[PDB]
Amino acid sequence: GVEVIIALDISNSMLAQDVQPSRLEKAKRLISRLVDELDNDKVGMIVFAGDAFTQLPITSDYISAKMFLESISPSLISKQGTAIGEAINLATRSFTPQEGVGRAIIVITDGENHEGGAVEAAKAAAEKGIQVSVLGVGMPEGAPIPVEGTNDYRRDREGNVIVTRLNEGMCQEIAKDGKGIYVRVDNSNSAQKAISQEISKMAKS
């Protein structure tokens, strides 16, 4: 039995629709399916934008895990930014006291505009027997972010349309130093299958 903590980016950029139906909703589908492949394991979830917080404390209750998953939206966090380092640090503190267990942190993000700290956070996790993997959601080419109520798109401080890009290089550096894997999430089931197989390989270690 292993412990998996998901660190899900819920910043505004995750509402981009360059993966269907959006980055965030694709990420929630993948998590749900990830949970379905778990056996006698425990799963927790952190959400982050400018801050990070524990959305789901580490649990074997998969029915509740899916209900908590389905209620996630960017409105859970008002402060904006991409605080991957804080999320990883929170996750490392969020595992159970048991020794001898395989432990994974799965960061699901577009990796965009992270100031600094994720790489070190991932390094610190790795040296505590935790493997940090990153699932990169979005495309490097860039997409605008639709606004639900209106017919407009998200705008920066100056009032210009925001184009958000997947930053794969950032995602890759985190995963390398966190001793996990990186995979790009696209419309297929490829990312979910790749991370699920990394989980169950860790389980048989």
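Numbering starts at 1 and runs along the sequence shown.
Undergrad: Of 165 to 173 and 42 to 50, which one has the bigger average CA B-factor?
TA: According to the entry, 165 to 173 carries the higher average C-alpha B-factor.
Undergrad: Read off the CA B-factors in the entry, average them over 4 to 12 and over 194 to 202, and name the higher stretch.
TA: Comparing averages over the C-alpha atoms only gives 194 to 202.
Undergrad: Highest Cα B-factor in the PDB entry belongs to which of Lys66, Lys179, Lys26, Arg155?
TA: In this record, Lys179 carries the highest C-alpha B-factor of the candidates.
Undergrad: Of the options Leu76, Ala124, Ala91, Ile84, which has the highest CA B factor as deposited?
TA: Spelled out: the listed residue with the top C-alpha B-factor is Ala124.
Undergrad: Taking the entry's C-alpha B-factors for this chain, is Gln131 in the lowest, middle or highest third?
TA: Highest third - that is where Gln131 ends up once the chain's C-alpha B-factors are sorted.
Undergrad: In terms of the CA temperature factor given in the entry, to which third of its chain does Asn113 belong: lowest, middle or highest?
TA: Highest third, going by the recorded CA B-factors of the chain.
Undergrad: Lowest, middle or highest third of the chain for the C-alpha temperature factor of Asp61?
TA: Lowest third, going by the recorded CA B-factors of the chain.
Undergrad: C-alpha B factor of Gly138, ranked within the chain: lowest, middle or highest third?
TA: Middle third by C-alpha B-factor.
Undergrad: Would the CA B-factor of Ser32 place it in the lowest, middle or highest third of its chain?
TA: According to the entry, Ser32 has a C-alpha B-factor in the chain's middle third.
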